[PDB]
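Presented below, as structure tokens, is a lone chain in the form deposited in one PDB entry.
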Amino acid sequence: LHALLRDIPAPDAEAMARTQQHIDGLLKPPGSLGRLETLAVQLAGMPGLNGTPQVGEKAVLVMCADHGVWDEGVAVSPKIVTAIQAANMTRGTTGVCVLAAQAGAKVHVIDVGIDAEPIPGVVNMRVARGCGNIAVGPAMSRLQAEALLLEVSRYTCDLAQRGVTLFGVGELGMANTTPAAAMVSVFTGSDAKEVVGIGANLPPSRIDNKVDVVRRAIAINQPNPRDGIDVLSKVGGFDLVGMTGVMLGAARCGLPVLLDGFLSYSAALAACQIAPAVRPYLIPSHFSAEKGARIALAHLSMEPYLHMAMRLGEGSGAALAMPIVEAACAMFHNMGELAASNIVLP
């Protein structure tokens, strides 16, 4: 695992410089395509992309798991929905499934700790039948976190070996907005009141309890903000762990990963804390309608492309942004050049 972290490649500045120069010469006023240009330059610097902005196969990895904190009354969704939805993921009827199909991406469903019988068709990496209730103790042991990071990281890289060049990360786990908030609070030093949202339609009355729960989780566990694995194990979840592992894996493989919403931002904070080298590989998708989204994003110094007020999760925002990534490549490769038209701008 230290190997893994050690071996994360730095972005290729030489390739980025060549990209920039090429973009500047395209049939348009310099810088006129804004973020589309910066995105393209960003991709060019990713080693697994072969020095140019390109997209081969696409995949969306959905990490599924149950949480002990569900028993604290922090979620209105029945616990069994996790298992139900995971199965549905296998039949392509879910939100991320529909959107991925639209983007031509494949969905990979990974069970990292669903509290139910194994589901056929689902990739099995289950740690346990749901994680520990963070309100009264840790979600899991440090070793459990590390092993899962390793396992997912590897799985991720292995996909690269098969032509995947663009990853999307998502989750499925009733009550997961709670551990996500705790993590955010810990990493950004924000008070729980500021980052705790309604999640999946939690009634406004019930909020107070959710906040109390987050505080207790923190008080009781005393997670060390400077130690991302510490935080993940104590106040995170298997799903959060898995998302972080996708991020570490893609980075090691020198490939880009599209974030999703709030849950994904939480995982990204952890990943960046664990390995700053991860950052340049992350690409935001949308601006989640969850309350603590702004803070989390500010800490990541990220500005999403899409404003859709989405809050479904599952990797749906990630899928929706894929076309944007392809757009930047198309632009890079298919537009004509100023010079060829004899167009001279000051």
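From 1 onward, residues are counted along the sequence shown.
Omitted from view is the form solved in complex with a small molecule, to which the following refers.
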field: Listed residue that, although the small molecule is not shown, lies within 4.5 Å of it in the entry with it bound (heavy atoms), from 100, 247, 263, 258
entry: 263
- line: Exactly one of 292, 284, 45, 313 comes within 4.5 Å of the small molecule in the entry with it bound through a heavy atom, and that residue is 313
- prompt: Where, among 266-274, 166-174, 104-112, 138-146, do residues come within 4.5 Å of the small molecule in the entry with it bound by heavy atom distance?
  reply: 166-174
field: Non-hydrogen atom contact residue 199 with the small molecule in the entry with it bound at 4.5 angstroms
entry: yes
message: Against the small molecule in the entry with it bound, would residue 75 count as a contact residue? Criterion: heavy atoms within 4.5 Å.
response: yes
